[PDB]
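Quick note, the sequences are listed as chains A and B, same order.
Sequence positions in the first sequence follow UniProt numbering and run 2 to 98, 112 to 383.
Sequence positions in the second sequence follow UniProt numbering and run 2 to 97, 114 to 381.
Here's the structure, in structure tokens; my notes come after.
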Amino acid sequence: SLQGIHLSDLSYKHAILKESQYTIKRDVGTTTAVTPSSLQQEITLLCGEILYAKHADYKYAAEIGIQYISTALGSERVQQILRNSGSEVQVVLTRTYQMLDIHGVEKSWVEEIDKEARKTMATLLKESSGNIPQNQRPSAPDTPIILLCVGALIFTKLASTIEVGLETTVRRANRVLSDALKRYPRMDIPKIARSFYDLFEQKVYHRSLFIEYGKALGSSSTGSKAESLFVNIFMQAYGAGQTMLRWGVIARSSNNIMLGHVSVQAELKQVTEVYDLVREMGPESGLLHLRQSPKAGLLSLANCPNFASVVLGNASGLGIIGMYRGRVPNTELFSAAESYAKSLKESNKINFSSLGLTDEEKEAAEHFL
Amino acid sequence: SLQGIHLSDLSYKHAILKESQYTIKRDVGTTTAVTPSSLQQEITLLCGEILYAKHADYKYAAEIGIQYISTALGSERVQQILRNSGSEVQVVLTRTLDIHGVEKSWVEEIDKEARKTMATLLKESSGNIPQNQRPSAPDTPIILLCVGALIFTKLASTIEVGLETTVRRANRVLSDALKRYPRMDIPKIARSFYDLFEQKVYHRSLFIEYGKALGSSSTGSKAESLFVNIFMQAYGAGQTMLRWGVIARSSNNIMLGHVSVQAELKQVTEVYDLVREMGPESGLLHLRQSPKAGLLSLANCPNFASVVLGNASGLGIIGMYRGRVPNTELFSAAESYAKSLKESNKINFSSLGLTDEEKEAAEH
RNA sequence: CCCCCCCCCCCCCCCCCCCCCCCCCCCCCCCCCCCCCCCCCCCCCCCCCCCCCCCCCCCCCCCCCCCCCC
């Protein structure tokens, strides 16, 4: 009889963030550098110069990477993207003086990077006995992609500390950019990665510009070996800040008996509401946290603390949890879910139900001692 | 009920790589040689010259092959293909042969050396060299490209691995071509092609378009029909894991029923469903060096991968596959079952659908 | 013929609200084997054979309807 006692709050919460017919015009006076498509070779060389020699300062390293994206996406198509990201920022087309005059980037810095690289080229060409192959020169076309791959690794760990990201970036860069490091052993991964964190934090609109480069690159027929790596780093970044929802499906897949607890059963409708909002938002739902979108956070499992406890317990038991700081509301439920998952982890079973074999093939399978 | 706990992440992952309304313009200043259709006979002769004599350097051998493709596809239709591959590279029409990027010195060397070999041999042959042995034979560019096709198949592995495979197979496959042009240096020609496919990435999809185009024609050459057949064995590029996955199902490996493997079912399904979502281009994704590729990775399902590999090992297919084995335990088990399966002979009188007078005689 | 009674409606009470709480935070490139396809045999046809053929107009009876009351 007691039906009708129900509020679909989370859907309404989202519905209100669509009703805004009015659009925000933030970053009113702001100006950022854009490079026309025509200067792609010049910016490619500059990218290579950053990797090629051990430089004094890697401040603008990230802005140079964005400048390659600019050439790749569009002379002026970039302004469109930035305007549409919500930022009313204006663009400034970088010129030549032969060198590059990038807006916001100190002329002194550009000259330093070039000077230092030429010095290193001269030292090495004397040793090599005038023999430096194409693949080791700052002129190699994949050098901007290599630069951006360090940015891609810091992009993945934008969800945590400026610090945490640098660890992960360095560790993975060693395995991932293995061969790039062989040709440019002078690339200072930590300083380059720091420039990218600083950039993504200050110029928030460059987060969605990076996403658009990724989206665009992901579409092309033929990609570079370096390009195909970039997108693959970018993909591992999809479940950004939603680690809890993905571990939630893992808890269901593990068939953790704690998901059947009466206190957890009570939170079912809230949990369902969150997963149904993901479907309501579609593909953009995943990269919401990555874009630093204010909309994000509606995908919080704060409303269901007992469920979160079980999900984390299950993750701990299976040995996935690692260094996740996520608070555990119900310590009791966590420990229980953990125990079951640990017992599950070790136990070996065979579903002859799933296989769908003849009971003459299922007969022979039993014979396996 | 506990059912709304589902994320179709892999589909969304792909869906995001379609939403890009903006297009990448890479290779901004780049220039590559194209040969107009009109010069097909001249480039045919040059191809034959590479095979006919033992040359000092086989650097541009691959670029010459691409130049024949250029004549075959279109005087200027080639620019369209390259532009549409994602590369904004510009083309340069080769004049009278003065091929763009190819040293005039090299062209002259190849010609000079071939004429020298023709003169030496014509003295021995007593002025008698049949058409089929001359660099002028029309199938010489196809022969050249077939060496390229073999290195195209092994673009998934080392520059090295590919050369082994290329040489081995070329001996059996290009058996008769080698009889007429015994001077063709398969390893140097194959090296030129690896270098080319690695440097000029847009030529990978140009090669694919030649293959696609050749595959369509009503009448092909004996050499042409070979080229496509090499190109076909290249379809399951980098997806060896998914194809061995169907083999594990066909073998009815009981390890696919393991609880830990059963847990990964939804991820595995998601990958095979993405193949269907992408359709025919799905296969050659890895071959094109497409950034899109890699979404077809079975990294998300390590226990399944372990079983698939175990099954392959047991059946004796695995060969020289370096693919990492996450669950050594599951692998060994799947391997044991597959080895027992391999030897065992059984008959499904259920499948055959015989009369129980034919099924009577079969027991005998 | 039908129809034939009775008949306004309303009329109390009553503000709403008042707690708590940012979210997030782990890990992770992918790839990697083998492999040209084909290959046998094979003209088809071959006979017989016009169908049709009988008989047979149908029709043929009887019958206005309506008719009360209100």
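We put the beta carbon where it would ideally sit given N, CA and C, even for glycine.
- Item | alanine 350 of chain A - containing alpha helix (DSSP H), residue span | Here residue 350 of chain A refers to the residue found at position 336 of the first sequence. First-last of the alpha helix (DSSP H) with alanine 350 of chain A: 345 to 360.
- Do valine 90 of chain B and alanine 34 of chain B come within 8 Å of each other at the CB atom, strictly closer than that value? Here residue 34 of chain B is taken as the residue at index 33 of the second sequence, counted from 1. Here residue 90 of chain B is taken as the residue at index 89 of the second sequence, counted from 1. The Cβ atoms of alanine 34 of chain B and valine 90 of chain B lie no closer than 8 Å to each other.
- Message: Using CA atoms only, rank isn't needed, just tell me which of A:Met337, A:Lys309, A:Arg305 and A:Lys283 is closest to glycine 5 of chain B.
- Response: The residue labelled residue 5 of chain B in the question sits at position 4 within the second sequence. Per the Cα distances, A:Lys283.
- Item | Neighbour flag for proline 297 of chain A against chain B, beta carbons, 8 Å | Translated into positions along the first sequence, residue 297 of chain A becomes position 283. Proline 297 of chain A counts as touching chain B.
- Message: Given this structure, state the Cα-to-Cα distance separating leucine 332 of chain B from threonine 372 of chain A, to the nearest angstrom.
- Response: Translated into positions along the second sequence, residue 332 of chain B becomes position 315. Translated into positions along the first sequence, residue 372 of chain A becomes position 358. Near 21 Å, if we compare the C-alpha coordinates of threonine 372 of chain A and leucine 332 of chain B.
- Message: Taking DSSP's pairing of strands, which residues face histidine 275 of chain B in a bridge?
- Response: Taking the second sequence and counting its residues from 1, the one referred to as residue 275 of chain B is at position 258. A:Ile364, per the DSSP bridge assignment.
- Query: Mapping DSSP to helix, strand and coil, what is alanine 322 of chain B?
  - Reply: In the second sequence, residue 322 of chain B corresponds to position 305, counting from 1. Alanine 322 of chain B falls in the helix class under three-state DSSP.
- Close-in-space but distant-in-sequence residues of the same chain around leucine 315 of chain A (CB under 6 Å, 5 per side omitted): Taking the first residue of the first sequence as position 1, residue 315 of chain A is located at position 301. Closer than 6 Å at the Cβ level, and outside the excluded window around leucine 315 of chain A, lie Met258 and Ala322.
- Task: From the DSSP output, in three-state form, read off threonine 32 of chain A for me.
- Result: As a first step, residue 32 of chain A is located in the first sequence; it is residue number 31 there, counting from the start. In this structure, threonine 32 of chain A counts as strand in the three-state DSSP scheme.
- Task: Please say whether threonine 182 of chain A and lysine 196 of chain A have beta carbons closer to each other than 8 Å?
- Result: Against the first sequence, residue 196 of chain A aligns to sequence position 182. Against the first sequence, residue 182 of chain A aligns to sequence position 168. No, they are not a contact pair.
- Buried or exposed (CB count within 10 angstroms, at least 16 for buried), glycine 118 of chain A: By 1-based counting over the first sequence, the position of residue 118 of chain A is 104. Exposed, because fewer than 16 other Cβ atoms sit within 10 Å of the Cβ of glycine 118 of chain A.
- Query: Taking the Cβ atom as the reference point for each residue, do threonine 236 of chain A and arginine 305 of chain B lie within a distance shorter than 8 Å?
  - Reply: Taking the first sequence and counting its residues from 1, one reaches residue 236 of chain A at position 222. Taking the second sequence and counting its residues from 1, one reaches residue 305 of chain B at position 288. Yes, the pair counts as a contact, with Cβ atoms nearer than the cut-off.
- Task: Anything in the region 288 to 312 of chain B with a Cβ closer than 8 Å to a Cβ of chain A? List those residues in chain order, please.
- Result: Look at the region 288 to 312 of chain B: the residues with a C-beta under 8 Å from a C-beta of chain A are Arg305, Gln306, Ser307, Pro308, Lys309, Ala310, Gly311 and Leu312.
- Task: Mark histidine 381 of chain A as exposed unless 16 or more other C-beta atoms lie within 10 angstroms of its C-beta, in which case mark it buried.
- Result: In the first sequence, the residue the question calls residue 381 of chain A occupies position 367. The residue is exposed, with fewer than 16 neighbouring Cβ atoms inside 10 Å.
- Task: Report the residue from A:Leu18, A:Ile334, A:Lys205 and A:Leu223 whose alpha carbon sits nearest the alpha carbon of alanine 265 of chain A.
- Result: Looking up residue 265 of chain A in the first sequence gives position 251. Comparing Cα positions, the closest option is A:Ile334.
- From which residue to which residue does the alpha helix (DSSP H) around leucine 161 of chain B run? For the purposes of this step, residue 161 of chain B is taken as residue 144 along the second sequence, with counting starting at 1. Following the DSSP letters along the chain, one finds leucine 161 of chain B inside the alpha helix (DSSP H) bounded by residues 157 to 170.
- Item | N- and C-terminal bounds of the alpha helix (DSSP H) containing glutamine 80 of chain B | Taking the first residue of the second sequence as position 1, residue 80 of chain B is located at position 79. Segment 78 to 85, the alpha helix (DSSP H) holding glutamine 80 of chain B.
- Using the Cα positions of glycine 253 of chain B and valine 324 of chain B, report the straight-line distance between them to the nearest angstrom. By one-based count along the second sequence, residue 253 of chain B stands at place 236. By one-based count along the second sequence, residue 324 of chain B stands at place 307. It is roughly 20 Å from the alpha-carbon of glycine 253 of chain B to the alpha-carbon of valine 324 of chain B.
- Task: Identify which residue in B:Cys163, B:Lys14, B:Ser267 and B:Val178 has its Cα closest to the Cα of residue 112 of chain B.
- Result: There are no atomic positions for residue 112 of chain B here, as chain B continues from 97 directly to 114.
- Item | Burial state of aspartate 10 of chain B (16 or more Cβ within 10 Å) | Here residue 10 of chain B refers to the residue found at position 9 of the second sequence. Under this definition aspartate 10 of chain B is a buried residue.
- Query: Does any C-beta atom of chain B lie closer than 8 Å to the C-beta of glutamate 126 of chain A?
  - Reply: Residue numbering aside, residue 126 of chain A sits at position 112 when the first sequence is read from its first letter. Closer than 8 Å: no.
- Message: 8 Å is my cut-off, CB to CB: does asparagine 246 of chain A come that close to chain B?
- Response: Here residue 246 of chain A refers to the residue found at position 232 when the first sequence is read from its first residue. Taking Cβ atoms only, chain B reaches closer than 8 Å to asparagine 246 of chain A, which makes this a yes.
- Message: By the DSSP assignment, the alpha helix (DSSP H) with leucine 11 of chain A in it spans what residues?
- Response: As a working mapping, residue 11 of chain A is identified with position 10 in the first sequence. Here the alpha helix (DSSP H) through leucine 11 of chain A covers 10 to 16.
- Query: Name the chain B residues whose beta carbon is nearer than 8 Å to that of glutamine 42 of chain A?
  - Reply: Reading the first sequence from its first residue, position 41 is the one you call residue 42 of chain A. Ordered by position in chain B, the residues that pass the 8 Å Cβ test against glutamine 42 of chain A are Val29 and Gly30.
- Task: Report the residue from B:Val190, B:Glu50 and B:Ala73 whose alpha carbon sits nearest the alpha carbon of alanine 230 of chain B.
- Result: Taking the second sequence and counting its residues from 1, one reaches residue 230 of chain B at position 213. The residue among B:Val190, B:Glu50 and B:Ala73 with its C-alpha nearest the C-alpha of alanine 230 of chain B is B:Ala73.
- Query: If we cut at 8 Å on Cβ distances, does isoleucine 364 of chain B have a partner in chain A?
  - Reply: Within the second sequence, the letter at position 347 stands for residue 364 of chain B. Chain A contact via Cβ: absent.
- Task: Within the same chain, show all residues whose beta-carbon is closer than 7 Å to that of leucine 3 of chain A, passing over the 5 residues directly before and after it, in chain order.
- Result: Locating residue 3 of chain A in the first sequence gives position 2, counting from the first residue. Correct list: empty, nothing qualifies.
- Using a Cβ-Cβ cut-off of 8 Å, state whether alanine 322 of chain B counts as contacting chain A. Locating residue 322 of chain B in the second sequence gives position 305, counting from the first residue. Proximity of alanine 322 of chain B to chain A, defined by a Cβ-Cβ separation below 8 Å, is not satisfied.
- Query: Would you call the region 189 to 207 of chain B and the region 156 to 172 of chain B touching, i.e. three or more CB-CB distances under 8 Å?
  - Reply: yes
- Message: To be precise: take each residue of the region 212 to 235 of chain B, compare its Cβ to all Cβ atoms of chain A, and keep it if any distance is under 7 Å. Which residues remain?
- Response: Within the region 212 to 235 of chain B, the qualifying residues are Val218, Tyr219, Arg221 and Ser222.
- Query: If you run the structure through DSSP and keep just helix, strand and coil, what is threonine 24 of chain B?
  - Reply: One-based indexing of the second sequence puts residue 24 of chain B at position 23. Correct three-state label for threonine 24 of chain B: coil.
- Task: Rounded to whole angstroms, what's the CA-CA distance from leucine 291 of chain B to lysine 129 of chain B? Just pull it up for me.
- Result: As a first step, residue 291 of chain B is located in the second sequence; it is residue number 274 there, counting from the start. As a first step, residue 129 of chain B is located in the second sequence; it is residue number 112 there, counting from the start. Taking the straight line from one Cα to the other gives about 54 Å.
- Task: Starting from the Cα of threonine 36 of chain B, find the closest Cα among B:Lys60, B:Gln250, B:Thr97 and B:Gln22 and give me that residue.
- Result: As a first step, residue 36 of chain B is located in the second sequence; it is residue number 35 there, counting from the start. Ranking the options by Cα distance to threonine 36 of chain B, first place goes to B:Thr97.
- Simplified DSSP assignment, three categories, for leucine 94 of chain B: Working through the second sequence from its first residue, we reach residue 94 of chain B at position 93. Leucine 94 of chain B falls in the strand class under three-state DSSP.
- Task: With distances taken Cα to Cα, identify the nearest neighbour of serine 88 of chain A among A:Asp28, A:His220 and A:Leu138.
- Result: Walking along the first sequence from the start, residue 88 of chain A turns up at place 87. Considering only alpha carbons, the answer is A:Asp28.
- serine 299 of chain B - DSSP class collapsed to helix/strand/coil: Numbered from 1 along the second sequence, position 282 holds the residue referred to as residue 299 of chain B. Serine 299 of chain B: coil per DSSP, three-state reduction.
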